[PDB]
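Colleague:
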Amino acid sequence: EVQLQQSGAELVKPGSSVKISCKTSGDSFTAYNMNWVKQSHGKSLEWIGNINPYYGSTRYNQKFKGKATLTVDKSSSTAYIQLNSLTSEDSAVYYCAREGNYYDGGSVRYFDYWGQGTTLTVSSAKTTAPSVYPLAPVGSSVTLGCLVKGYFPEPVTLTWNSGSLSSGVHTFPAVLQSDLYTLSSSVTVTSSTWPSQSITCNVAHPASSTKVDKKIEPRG
Amino acid sequence: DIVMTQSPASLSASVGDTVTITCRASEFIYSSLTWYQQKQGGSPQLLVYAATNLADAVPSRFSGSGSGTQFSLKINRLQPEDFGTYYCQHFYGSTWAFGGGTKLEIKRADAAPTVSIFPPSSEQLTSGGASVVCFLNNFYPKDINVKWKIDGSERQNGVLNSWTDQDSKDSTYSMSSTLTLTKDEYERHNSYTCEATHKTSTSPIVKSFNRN
Amino acid sequence: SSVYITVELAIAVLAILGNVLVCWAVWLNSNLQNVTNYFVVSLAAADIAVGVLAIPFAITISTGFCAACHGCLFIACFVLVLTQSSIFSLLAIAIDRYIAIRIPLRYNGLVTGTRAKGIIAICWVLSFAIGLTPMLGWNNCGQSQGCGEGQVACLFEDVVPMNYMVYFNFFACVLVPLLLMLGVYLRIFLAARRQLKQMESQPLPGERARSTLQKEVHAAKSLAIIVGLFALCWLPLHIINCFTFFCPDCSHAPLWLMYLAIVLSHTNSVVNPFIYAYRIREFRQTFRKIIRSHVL
Ligand SMILES: Nc1nc(NCCc2ccc(O)cc2)nc2nc(-c3ccco3)nn12
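Chains as they are written, first to last, in the numbering used here: chain A, 31 to 250; chain B, 6 to 217; chain C, 57 to 352.
1. Under 7 Å: does the beta carbon of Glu-64 of chain C sit that close to some heavy atom of ligand 1?
2. For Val-205 of chain A, collect the residues of the same chain with a Cβ closer than 8 Å to its Cβ; drop the 5 residues on either side in sequence, then sort them by chain order.
3. If contacts are defined as beta-carbon pairs under 8 Å, then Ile-346 of chain C and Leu-77 of chain C qualify, I think. What distance do you get, rounded to the angstrom?
4. Name the one or two DSSP bridge partners that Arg-160 of chain B has.
5. So who's on the other strand from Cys-231 of chain A, going by DSSP bridges?
6. Can you grab the Cα-Cα spacing for the pair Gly-73 of chain B / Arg-344 of chain C, in whole Å?
7. Name the chain B residues that come within less than 8 Å of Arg-337 of chain C, Cβ to Cβ?
8. DSSP on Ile-34 of chain B, reduced to helix/strand/coil?
9. Please state if the CB of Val-230 of chain C and the CB of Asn-297 of chain C are separated by a distance shorter than 8 Å.
10. Using a C-beta to C-beta distance shorter than 7 Å, which residues of chain A count as neighbours of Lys-271 of chain C?
11. I want to check one thing, is the minimum distance from the CB of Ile-111 of chain A to the heavy atoms of ligand 1 below 7 Å?
12. Whose Cβ in chain B lies nearer than 9 Å to the Cβ of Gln-35 of chain A?
13. Quick one: which residues of the region 248–265 of chain C get their C-beta closer than 8 Å to a C-beta of chain A? List them in chain order.
14. What ranges does the alpha helix (DSSP H) occupy inside the region 242–329 of chain C, keeping only unbroken runs of at least 4 residues that lie completely in it?
15. Would you report the Cα separation of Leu-293 of chain C and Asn-164 of chain C, rounded to the nearest angstrom?
16. In angstroms, rounded to a whole number, what distance separates the CA positions of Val-67 of chain A and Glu-76 of chain A?
17. Can you give me the C-alpha to C-alpha distance between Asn-82 of chain A and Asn-63 of chain A, rounded to a whole angstrom?
18. Among B:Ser-181, B:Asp-172, B:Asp-115, B:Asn-58, which has the Cα closest to the Cα of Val-164 of chain B?
19. Just to confirm, does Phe-103 of chain B get its C-beta within under 7 Å of one of the non-hydrogen atoms of ligand 1?
20. Given a threshold of 16 other Cβ atoms within 10 Å of its Cβ, counted over all protein chains shown, does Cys-176 of chain A qualify as buried or as exposed?
21. Look up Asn-225 of chain C in the DSSP assignment and say whether it is helix, strand or coil.
22. Are the CB atoms of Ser-213 of chain B and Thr-198 of chain B nearer to each other than 8 Å?
23. Three or more C-beta pairs closer than 8 Å, one from the region 109–118 of chain C and one from the region 59–69 of chain C: is that the case here?
24. For ligand 1, I want to know if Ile-111 of chain C counts as a neighbour, meaning its beta carbon is within less than 7 Å of at least one of the ligand's heavy atoms.
25. So with Cβ pairs under 8 Å, would you call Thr-218 of chain A a contact of chain B?
26. For residue 264 of chain A, does the count of other Cβ atoms within 10 angstroms reach 16, so buried, or fall short, so exposed?
27. Buried or exposed: where does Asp-134 of chain A fall if 16 or more other Cβ atoms within 10 Å of its Cβ makes it buried?
28. Straight-line CA distance for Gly-198 of chain A to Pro-124 of chain B?
29. Expressed to the nearest angstrom, what Euclidean distance is found between the alpha-carbon atoms of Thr-149 of chain A and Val-123 of chain A?
30. For the 8 Å Cβ check, are there 3 or more pairs between the region 178–197 of chain C and the region 304–322 of chain C?
31. How is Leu-188 of chain C classed by DSSP in three states: helix, strand or coil?
32. Heavy atom of ligand 1 less than 7 Å from the Cβ of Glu-213 of chain C, yes or no?
33. Residues bridged to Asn-65 of chain A by DSSP?
34. According to DSSP, is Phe-343 of chain C part of a helix, a strand, or is it coil?
35. Do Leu-83 of chain B and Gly-69 of chain B have their CB atoms nearer than 8 Å?
36. Does the distance from the C-beta atom of residue 254 of chain A to that of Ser-171 of chain A stay below 8 Å?
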C-alpha cells in the first residue's frame, strides 16, 4: 500500500502565498524524489519541479523558478510546495507525484504514484451568495430551468425536488461573469407531470451558508 | 526546451475497435518517454514507462512503441474502462514536459438536440437584470452552433455558453446558452430568438418568444 | 608469425574504435550519465589504453630487444596495470548493482557521483602500484647474450617472476576478486527470483514493482556476462602459466599455444562494446544514433 495524501483546496486573494502539503505513507519517504505538477483547466500538464527528500535539494522547471519553492519534512515524511505572489493564472490543480528509478544501462525514470490533487483558486472576489431564478416555459415533454447567478466561490450544490427528481436533469458547468460565477440546470419531464406536479429547484452554497428552494411556476 | 506534442487532441471510438495515439518530441529523447492515463476528475496514473514497458497490472492490450523523437500508444480492442485522456512525458534531460493530452471519447449514433428557450424570470427583472437562457439537450456529436437574434438582428455580446461532458446515461452532449442584458435594454425589444444548427437537422432549429 | 602481427593490429584498432564510442555515447546521451556508468567508462578507457599502449608494447616484446632492466619492466608490465584496473571496475559495478537491487531504499543516498570518483581514483592508484611491483624491486634480472653493458634482453619468464605472476597476480588479484563477483551476482539473481516469486503468491503490487525489478535484473545479468567473458579471455593464459610455473621441472607451453593466449587475452578489450549493443537498448540506441550521424 502506498498513498500520497495532499492538503485540501485553497481559496486565496491574489498577492498572497500558499503552502500545499503532501504526506506520504506506506513506504520510505527519503528514498525517492518528490515532484510537483500543475494541471491548468483540467487539461494541460506542466512540470513544476522536484526535490530530493534526503538532502532537500531541488530542481525546478525554469518557468516556475521563483513562484514555486519546494521544501520537505522527513519526520512527518511530507513534501511541500509554496506559491508566492499568487495571481489568477496560478489557479489550477497541483499534484504531487513520486518519481521512481532504476538502471536499464540508462537511468529509467517515471512517476510511480500521484496524489489526489489539490485545488488552488486565486481571485479578488468577495464571497457572494447567489440569486436563484426559476425558469418556466412560455409538446409531450416540457423542460424546466433554474438559473443560479452571481455567486462566489464554487461550488454550489443543486437538486430538483430534493433529489426526488432524478432523471431528466442537466446541471451545467459554471462560468465566470466578470467577478462571479453563474450556473444553470434544466429538467425535462413528461408534460403530464408539469405544471401538474410540484417541481422545485434546491440550491445550497455553504460558503455564504445559504439554501434556497424555488418552485417553478407557470408564467402569466 | 524540449517540446512534447501529441495527436490527435481528441479521438472518439467504439468499444472494441483499436486506437493509436502519437507523441512527437522536439529533440531526440531515445526512450525516456512515458504515458499516463487520466480518468475524469481523477489524478493521472502510470500507463507505460521506457516507452515500451507496461506498468504493474496494466491490461496487456496496451502497448507503447517508438524511440528517438516519435512515440505511440496503441490500445487493441478497446474497453469501456479505457476512455479518458492520455498524456505523455519525457524524462530526458533535467527539465521535463508533458503532452497536450488526447481525449478519448465514446462514439454513439448522432442525436438531435432538444431546444428550449426561456425568458427572464420576473424574480430577476424586479432585480433589474434580464437573462434569456437557452437549453440544447442530448445531441451528438459535440459540435453545435447557437445564434441569438433580438428582433431579427443577430446578437453576440453578452452571450455565455457552457457544455456538459458526455452524459452518464446516453453519453450525449448538452449545452446552456444565456444572453444577459440589462432590464433596461431587454425591454427595448419585443422578439428574442435562439437558433441552433447541428449535423442532424438540415434546417436551423429555431426556438423563440416575444416579450409580452 | 607476421600473422600474429596482423591480428594484433586488427584488435588494436577494433578496441580503440568500439571503446571510444562507449565513452562518446555516455558523454552524449544524458540518460547514460550515472554512477553505474562511470565504472563502465573507467572500464572503456582502461580498454583504450590497451589498443593505444599495451599492444604496441606486446607486439614489440615479441622481438626480444635490449633495454635497461628497470625501464624494461615498464613495457612488459603495463598490461598488468590495465587488466587489474579492469577488475576493480567490474567489481565496483557488481557491488553497485547489488546495492541498487538488494538494498533499493538506502541506495540513492548511499551511492553518489563523487563517492564514485573516490573509488575510480583509488582503483587507479592501486592498479599501478600492483601492476608495476616488479619495478618496486621484485625484478628477476640483475645478479641470447650479445646485448650486454647495461642492456639486458627483455623477455617475460626471465625478468618477470613466474613467482609473483602465478601467486600474486592470479591467485590474489584475479581468482579472488572473480570468485567474489560470481558470488555477488548469484546473490542478486537468487535474491531477485525470490522477490519475484513472492509477489506472485501475494495480491496487489508493493512495496516493490515487479515489472521494474525483473527489468533491473536483466541489466544485471547483462553486466555479469562481461565478467564471465573476462574469465574466458584471461583464464587460459593463467591455466597455461600454472602448467608452466608449478613445474619449473616439467615441460613448457609451445609456440602456437602461447601467442594464441596472448591474442585471446587482448581480445578481451574488443567484445565489450559489442555485448552492450546486443544486450542493452540504451547504448545500442546511442551507438546507432552516433554512427548514423557523425559517421554519415
Ligand atoms: N608467461 C608469459 N609469456 C609471455 N610471452 C612470452 C612467450 C615465450 C614463450 C617461450 C619462450 O622461450 C619465450 C617467450 N607473455 C605473457 N603475458 C603474461 C601475463 C600477464 C598477465 C597475466 O599473464 N604472461 N606471459
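A virtual CB, placed ideally from N, CA and C, is assigned to each residue, including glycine.
Modeller: A quick look at the data gives this:
1. no
2. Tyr-211, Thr-212, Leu-213
3. 6 Å
4. B:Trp-153
5. A:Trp-190, A:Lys-244
6. 11 Å
7. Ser-36
8. Coil at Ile-34 of chain B, not helix or strand.
9. no
10. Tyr-132, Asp-134
11. no
12. Per Cβ cutoff of 9 Å: no residues; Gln-35 of chain A is ~12 Å from chain B at best.
13. Cβ contacts with chain A come from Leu-260, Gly-262, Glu-263, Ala-265.
14. 266–301, 311–322
15. 40 Å
16. Using only the alpha carbons, I get a separation of about 6 Å.
17. 5 Å
18. B:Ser-181
19. no
20. buried
21. helix
22. yes
23. The region 109–118 of chain C makes contact with the region 59–69 of chain C: 3 or more CB pairs, one atom from each, lie closer than 8 Å.
24. no
25. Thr-218 of chain A counts as touching chain B.
26. Residue 264 of chain A falls outside the range modelled here, since chain A spans only 31 to 250, and no answer is possible.
27. buried
28. 21 Å
29. Straight through space, the alpha carbons of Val-123 of chain A and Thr-149 of chain A are spaced by roughly 5 Å.
30. no
31. The answer is coil: DSSP assigns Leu-188 of chain C none of H, G, I, E or B.
32. Result yes, Cβ under 7 Å from ligand 1.
33. A:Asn-80, A:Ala-127
34. helix
35. no
36. In the structure as shown, chain A begins at 31 and stops at 250. Residue 254 of chain A is therefore absent and cannot be evaluated.
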